[PDB]
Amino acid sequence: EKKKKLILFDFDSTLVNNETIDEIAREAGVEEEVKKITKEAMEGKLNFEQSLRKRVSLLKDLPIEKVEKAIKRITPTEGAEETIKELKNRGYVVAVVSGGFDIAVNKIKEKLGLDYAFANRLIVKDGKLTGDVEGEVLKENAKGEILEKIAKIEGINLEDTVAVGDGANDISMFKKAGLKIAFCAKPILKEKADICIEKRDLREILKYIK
């Protein structure tokens, strides 16, 4: 026998190298403005939901074909698939929980073979973004609520959970997690982490997890 563990990964800047919202902002012509808000939000200087709605509103009217062009530029972080496969090899459950968007996160869930995926969604009308976003990964304690929910479904004690992220919206996930790993993270999350990894290779987390 042997117990399973549950590992939750943030998406933007953690499982992938990019910030989905910033990539889309480039196609919408508001890259500078959105990048600045994203940085403040991930450093913990802004309420997450308010900052995300402010950024998504700047994307109003962008055609879906341009959103896809931005998504195409997203690349997986070094070692991502190998790390996920090794965790699954141990019999562990793996999830991605993101303040980003299904249109990007759906793909990685299937590509890397994840068991769960939670993200927000961009609202679309007549083939263009309306500027609205909706979802359950918006409130300040959203990720922690999701970690608890998944752990309950799987019968896994919170002490056997691991959270891996880079930004301030990963703090609520860290609060409930058994092991807190800040991956090439912002100072506000590093302060709360058990382990800080600065080499950009997800395989580095494996050493800390039995």
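From 1 onward, residues are counted along the sequence shown.
Judged by mean Cα B factor in the deposited record, 26 to 34 ranks above the other of 26 to 34 and 163 to 171. For the pair 190 to 198 and 8 to 16, the record assigns the higher mean C-alpha temperature factor to 190 to 198.
When the C-alpha B-factors of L129, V133, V97, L114 are read from the PDB record, the largest value belongs to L114. Of the candidates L46, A182, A151, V56, the one whose C-alpha carries the top B factor in the deposited record is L46.
Per-chain ranking of the deposited C-alpha B factor places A80 in the middle third.
Per the PDB record, residue ranking by Cα B-factor puts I123 in the lowest third of the chain. Among the modelled residues of its chain, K60 has a C-alpha B-factor that falls in the middle third, as given in the PDB entry. When the CA B factors of the chain's modelled residues are split into thirds, the value for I103 lands in the middle one. Placement of the Cα temperature factor of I74 within the chain: highest third of the modelled residues, per the deposited record.
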